[PDB]
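Chemist:
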Amino acid sequence: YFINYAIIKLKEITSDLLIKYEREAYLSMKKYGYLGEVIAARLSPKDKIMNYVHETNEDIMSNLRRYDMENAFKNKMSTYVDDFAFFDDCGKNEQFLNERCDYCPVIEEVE
Amino acid sequence: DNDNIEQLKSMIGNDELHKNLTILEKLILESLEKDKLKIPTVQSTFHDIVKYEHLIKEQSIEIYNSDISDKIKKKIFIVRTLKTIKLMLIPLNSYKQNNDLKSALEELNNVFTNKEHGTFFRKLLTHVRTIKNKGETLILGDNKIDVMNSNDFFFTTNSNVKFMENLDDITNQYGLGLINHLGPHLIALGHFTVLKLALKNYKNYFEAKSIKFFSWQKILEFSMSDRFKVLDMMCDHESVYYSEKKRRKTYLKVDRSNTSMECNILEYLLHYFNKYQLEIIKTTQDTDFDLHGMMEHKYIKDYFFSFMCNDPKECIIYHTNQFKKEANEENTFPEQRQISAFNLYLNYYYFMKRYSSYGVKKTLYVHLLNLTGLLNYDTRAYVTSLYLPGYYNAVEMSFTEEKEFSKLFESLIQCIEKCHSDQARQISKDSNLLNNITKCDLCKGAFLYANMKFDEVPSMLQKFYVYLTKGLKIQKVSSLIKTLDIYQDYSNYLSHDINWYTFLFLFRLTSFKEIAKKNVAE
Amino acid sequence: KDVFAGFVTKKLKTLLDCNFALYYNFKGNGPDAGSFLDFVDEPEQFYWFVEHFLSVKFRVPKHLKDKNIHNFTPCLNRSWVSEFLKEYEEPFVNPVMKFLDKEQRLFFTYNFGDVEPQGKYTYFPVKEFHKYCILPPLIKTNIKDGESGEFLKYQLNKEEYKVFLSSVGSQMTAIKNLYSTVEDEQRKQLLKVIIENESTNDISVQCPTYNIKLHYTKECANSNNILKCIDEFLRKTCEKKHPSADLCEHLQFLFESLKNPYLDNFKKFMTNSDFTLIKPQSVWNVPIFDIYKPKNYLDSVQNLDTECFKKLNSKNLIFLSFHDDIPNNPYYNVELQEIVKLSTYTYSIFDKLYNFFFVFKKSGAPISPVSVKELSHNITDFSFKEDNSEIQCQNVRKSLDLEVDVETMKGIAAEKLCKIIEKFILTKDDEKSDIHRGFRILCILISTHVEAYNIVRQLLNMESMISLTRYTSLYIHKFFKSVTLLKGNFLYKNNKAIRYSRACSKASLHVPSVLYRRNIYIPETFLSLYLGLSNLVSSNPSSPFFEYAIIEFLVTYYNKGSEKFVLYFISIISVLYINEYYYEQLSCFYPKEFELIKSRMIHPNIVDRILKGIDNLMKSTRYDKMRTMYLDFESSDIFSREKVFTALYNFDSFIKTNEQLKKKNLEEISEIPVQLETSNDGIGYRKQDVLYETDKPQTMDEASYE
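Chains as they are written, first to last, in PDB author numbering: chain A, 1248 to 1358; chain B, 52 to 89, 121 to 198, 209 to 224, 231 to 434, 439 to 624; chain C, 25 to 264, 269 to 458, 463 to 738.
1) What residues in its chain sit with their C-beta under 8 Å from that of B:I160, if we drop five residues either side in the sequence?
2) Would you call C:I346 buried or exposed, if buried means 16 or more other Cβ atoms sit within 10 Å of its Cβ?
3) Quick check on this structure: which residue in C:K287, C:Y681, C:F452, C:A581 has the alpha carbon closest to the alpha carbon of C:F522?
4) Would DSSP call C:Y112 helix, strand or coil?
5) Taking 8 Å as the CB-CB limit, is A:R1289 close to chain B?
6) Which chain B residues are close to C:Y580, counting only those with a beta carbon under 8 Å from its beta carbon?
7) Would the beta-carbon of C:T689 be found less than 7 Å away from any heavy atom of the ligand ADP?
8) Out of C:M661, C:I319, C:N361, which has the shortest C-alpha to C-alpha gap to C:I250?
9) What does B:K584 reach in chain A if we use C-beta pairs closer than 9 Å?
10) Going by C-alpha to C-alpha distance, which of B:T381, B:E342, B:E616, B:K327 sits closest to B:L364?
11) Let me know if C:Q617 comes out buried or exposed under the rule of 16 or more other beta-carbons within 10 Å of its beta-carbon.
12) Determine the extent of the beta strand (DSSP E) in which C:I346 is found, giving its start and end residues.
13) Sorted by chain position, which residues of the same chain lie with C-beta nearer than 8 Å to C:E595's C-beta, five sequence neighbours on each side aside?
14) Return the bridge partner residues of C:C157 from the DSSP annotation.
15) Can the beta-carbon of C:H154 be found closer than 8 Å to that of C:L348?
16) Give me the chain B residues within the contact set of C:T261, using Cβ-Cβ distance strictly less than 8 Å, ordered along the chain.
17) Could you pull out every residue in the same chain whose Cβ sits closer than 6 Å to the Cβ of B:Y450, ignoring the five residues on either side in sequence?
18) List the whole-angstrom C-beta distance separating A:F1334 from C:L506, where the pair is believed to meet the contact cut-off of C-beta under 8 Å.
19) Please list the partners that C:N166 has in chain A, where partner means a Cβ-to-Cβ separation under 7 Å.
20) What residue range is occupied by the uninterrupted alpha helix (DSSP H) comprising C:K186?
21) Do you know whose CA, among C:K216, C:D56, C:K695, C:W104, lies nearest C:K438's CA?
22) Helix or strand or just coil, what does DSSP make of B:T418?
23) Measure from the alpha carbon of C:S376 to the alpha carbon of each residue in C:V74, C:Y203, C:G645, C:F337, then state which is nearest.
24) Could you give the C-beta distance for C:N43 and C:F82, rounded to a whole number, given that I count them as a contact under 8 Å?
25) On the criterion of 16 or more Cβ atoms from any shown chain inside 10 Å, does B:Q58 qualify as buried, or is it exposed?
26) Check for me: the beta strand (DSSP E) holding C:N166 runs from which residue to which?
27) Out of curiosity, what's the CA-to-CA distance linking C:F621 and C:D684?
28) Any C-beta of chain C within less than 8 Å: which residues of the segment 384-406 of chain B qualify?
29) From B:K60 to B:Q516, what does the alpha carbon distance come to, in whole angstroms?
30) Interface residues of chain A around residue 459 of chain C at Cβ under 7 Å?
31) Around the C-beta of B:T254, are 16 or more other C-beta atoms found within 10 angstroms, so that it is buried, or is it exposed?
32) So with Cβ pairs under 8 Å, would you call C:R673 a contact of chain A?
33) Using a Cβ-Cβ cutoff of less than 7 Å, which residues in the same chain neighbour C:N690 once the five nearest sequence positions on both sides are dropped?
34) Could you tell me which whole alpha helix (DSSP H) segments of length 4 or greater appear in the segment 355-414 of chain C?
35) How far does the beta strand (DSSP E) with C:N235 in it extend, from its first residue to its last?
36) Quick one: measure Cβ to Cβ for B:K380 and B:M499, integer angstroms, because I've assumed they're closer than 8 Å.
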């Protein structure tokens, strides 16, 4: 990550750029900071995962602590600007393009 | 129409394959001389090495310390190559002399024939209703013997040829003689099942050209979903070609019934070569190294070699910086001609004297070296692949039922209680190669391979089940796979005897939830 | 050829009364009372009913097929309008509105009796006013019950909310001030566990939305802005039965609690017409409303009412405030649809490809899928396609430059595809014209070149990971969905551009889907060109089944009658030309940078064995129906290697020309609204609350938990 930041944004450095990289970040930090006021109002309590993540049963508490350690490095250090723009049209084969995680295992309901 | 008979010559008469095996066997027979633990010559027969294997097991059980068991576990894995090599050199010798593919494959049938029972289960069926319930593997003989009472706890028994010939005889009797000599080795069992399928339809594949045949080296070379579509051309399957879903779904919606069970071992193995192709990719991922399973196989060979050496030319892996990144090891090989990366002199030299000293990351770069090369129709990596443990260990990942170990054993009984009525007086006496394998040949074969009590030295279950219940305090079979505290022990426990893997292969294929009313691979 | 006199023939009403019977039963729950559209008063409700029902040919959806309601079978493959324009001479729109409202209200009374039909409303969300909460809010926590999977959820009431406002302290103090007032032990225990778990678990106060329902065209006709419009709506209701009777109760309740300053200005608000209570909380962008097509009624995550016809978007937020200001932004303005004739309104919508389904049912034959046994004999070679040869430079022309930034390449691709629509509208100004043949190839190829241009930039390590553009067609799809309503473009309010805009929006949806297919086995994202394609057909280009696997995948969409068949068959062939493109560009001209991607691409001679193989397999006796249905709805431009490359060599020379005008910013695409800084006046956010929380220090008594 950092070499990919050392190459590009730290290529040219002057005094004018140092103020320039600040407010370019700060407005995005205010933009990234504005997301939590947006998303949290539209949340619902009944998610099948958020009941499961915040469990306190020690048999469930240990199934997650192995999971996030094993599934740690499948995540990446990349921030996407296109994370919240969604495709309005849904092809049923193409319903995955809404989701936008790196590690997207298919979860299938068996009844 | 020429590529049926031509592709079989890679199975049967490839002189590059015969050159690579004799390279391996000369390495093996020089490595059996130079052992500090203690011998067949090159021109010995297959039945020598069978009688030589049980000598080593009679030599290895008695001199089993906990301190020398690296030298023991190699000299078991060495032999179960050398037994397969002297089995694999049976057609390559005969086709080089006789130049006939039929008579060459006859030399395999003339081995496994070895040209030369109803009272048991009636005692069992009364025994189940007196039970009817975990007390069947826990009979009074197992009250004496607990977790690790003696050296015999890891092996078959206390080093009897008469015990080890009973397992030789029973799998010969119940049609499972192919499995027991090879192990569940993902290549050697796959190779010799295709050859078992070669004589079974020698008029259909050959001299009439109606059904398309493939070598086993080619089916490994294809992509992940392309293997089953190649396998469906091998047998007489018919289905929709393009399947968006997984293989494990669209296979079931065709009603595959009255299938040859030689074809159902291969569908097992391609399902566990797929889940071996993932688990080398899923565990070797680092930064600037993102492999994918459907990647083109000349590029995985390109990308993996351009990863560990910064030159994309195929370098020696065992001397690069990346193989030494986990831990600093030393750099010894005597021929330091450019040395090519898939060299049998090289890859067997580190497996002998450095493979016990590898961590988990250094291990996987050996198997990823030999998962590529399999994907590129390299005979050198094919011959390399016989002495790796990793192709044996694919049946370890098979266990995914969360039920107890006794509930898998009741489903083994539940087959036999149906199989006891299904006797149509089809008598299996020798494991031929013209023959089929029925489901009764598989359920009775595994159960009599498990519960073999000789000299009151406990059976294969009563050493394994006691290792689970009173040794790891585990009730659920699926908990062997999660929690690396359990698993890194459990792949050391099984790897004493290859016949554990042969047991689990016979125990996984027979203890399905739904084996009672449906096929094996179904 | 008859002048329209209000009389209906037997054939049209059988189409017409069916077209209601689909739409009122479109939920499948039965006939629905909210589904009524007033045609006479509002034209936009009428033209929406023209588009999705009347102008297109009839078709029963899959979920309606099991429902089995009033007889669709004589009237399946027939459209109402094309019959109606053929029988009768073209009328003005106003006698049509009386004619269809007369039929509809009889259909409504036949299904609902003496219920007065009302127009389908336009929804407006209002959450918070002046950073206060307009309703009794909701408390959300990360606490979890052991009795229930669901978190702790405490919803306030009206009488509790008076105490919740009069607290000077923060939100944490407000719930503590609330705890004295509350009188139920089943509430007090429910509030105690929230306050007790404060330091360990989140507590946030979240308001509910109130939706302002109103007839849009009836109310907002005379008002200048939508911001001006709701004010003229609320003054009707406070002075005054409309279903906004809730809100004017809630205002007078809440302004009673906000005692002196906020009740007076609200009481002054009903007098002065200069006042605006309705003020934008967010910077508004296109579109203003989202117009809900009937598919959106079925989606459970949307959870739409039947009465939703237009909602003010999540991009566009309204908050009631006295003090704040209205910026200068043109999208506040009331935009009404032009009342246009039934003739021209169809041809601005009418697309030839969306009748692919009716060609397949009438004059198309279902193709049997390839059985694997028949697949064995139809192929001869099983050797693998392999070529590692280095490409000769002298046949190729360097049109590709990698120094151009990706966010600029989003801008150039939209600007270049605005010009192709600009040339197709104006040069073919001459009544049943379709989209031109070159379109849906130029929409897909040019989006495919920039989609690969991400993957080339991300592999070369040249793009910053701070702003990685994930899907570039997403910039294309959001742009051409709303390009006609967007200022600053030649396509602004251009009715000919609508069916060119909607087509390139849907065609660019299928572009990244080909390039990003997560495999069914491996669930990872990836930076490759062919790994997207290889996961789609479940085979590799080195494998000899790859020619069959592409076409046999298209047989899946073909036998369904799917319109997506033409769009995909453009896409997969275009991806193969891309792999020829960059591998010819990079191997000759960027020989260092070529080395990192040479494993991520296909050699073009390997692509040629595929493309020579596909074109032969399309002419085979099994697949003759595939080729003919494609050429009905597209031209065979994509089969040529050379005309496609010139369409790419045009775009990659377009960058070298239009690099002058790269300065224009990307028009924003996110669903999340752009922030407008409002005056801090909230419960936690008063100036009084800043000094009150400094007045009490952090007491050692409470941190001891006593």
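We treat Cβ as the ideally placed atom computed from N, Cα and C, and that holds for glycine.
Modeler: Here's the rundown:
1) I79, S82, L83, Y489
2) buried
3) C:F452
4) strand
5) no
6) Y339
7) Ligands in the displayed structure: none, and consequently the ligand ADP is not present.
8) C:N361
9) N1310, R1313
10) B:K327
11) buried
12) 346-348
13) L381, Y382, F384, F385
14) C:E152
15) yes
16) Within 8 Å Cβ-Cβ: nothing; C:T261 doesn't reach chain B, min ~54 Å.
17) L78
18) 7 Å
19) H1301
20) 182-190
21) C:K695
22) coil
23) C:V74
24) 7 Å
25) buried
26) 162-168
27) 15 Å
28) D388, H390, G391, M392, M393, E394, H395, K396, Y397, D400, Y401, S404
29) 43 Å
30) Between 458 and 463, chain C has no modelled residues, and residue 459 of chain C is one of the positions in that gap.
31) buried
32) no
33) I440, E443
34) 370-375, 384-391, 400-406
35) 234-238
36) Not really, about 11 Å apart at Cβ, beyond 8 Å.
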